[PDB]
Every structure is written in C-alpha cells, then in structure tokens.
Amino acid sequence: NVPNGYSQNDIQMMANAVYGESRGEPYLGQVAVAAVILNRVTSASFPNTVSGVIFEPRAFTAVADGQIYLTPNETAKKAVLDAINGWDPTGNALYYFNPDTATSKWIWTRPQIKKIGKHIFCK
C-alpha cells in the first residue's frame, strides 16, 4: 500500500499530522505541509526520520491532540502520497505559520518563500 522507505504507520501519522495543520485548506496547502515534513527529514536541523520530525515537541498539534493514531482523512492521505511522489509546492520550505493568528515572536524572522491558503511558507 505504501511507498518504499515508509511504513504504514509513517504514512498514517503523516496524514494525521497534515490534517491537524491544514484541514479545510486548499489541497495544495495540504500537500505543502506534507512537503515540509519531508524537507525537515532531509534537513540537518531536524530529525532524520518521519517519526522524529512529527514527534518534535511543538511541532504538530495532531500529536498533543491525540490524533496521530487515528484512521487518516482520505484527502490528507492523498496529499502525503503526492508529496512523497515529489510534489513540493513550497520551494523547499522548512517552516510555516498563519500570519493572522501566529503568536510566535521569532517566526516572523524566517525568510518567507510564498503563501498558500492561510500559511506563509519559509526557509
């Protein structure tokens, strides 16, 4: 069922992480969050497994919210497989935030790449 390099649990948790962050966003915004997870895996500055990236303490509200082991939203799951298949609409982003609600002081310091739906994607 799952791309080589990933477990069933990897894909489910990615889908649940993506739904947590981007439920209701344009489909492109959901692929984008998935893209960011894969970019963080690649990056030296984040963990180097999908689990490690998803379980970073503040990172994905699906973790704190008890959603990471649920049956995944089918569209968030498609977005995940789209990103694994090489769709990265964020231009290799590592960070994102919603400028209307974000309360982080430091997020505004990241170099901004583009905005998709309610999220600005950043290096």
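Residue indices: 1-based, along the sequence shown.
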{"query": "Segment of higher mean CA temperature factor, 94-102 or 39-47", "finding": "94-102"}
{"query": "Between 53-61 and 29-37 (mean CA B-factor, as deposited), the higher", "finding": "53-61"}
{"query": "Entry-reported Cα temperature factor of residue 9, expressed as the chain third it lands in", "finding": "highest"}
{"query": "Lowest, middle or highest third - CA B-factor, residue 112", "finding": "middle"}
{"query": "Third of the chain, ranked by Cα B-factor, where residue 120 sits", "finding": "lowest"}
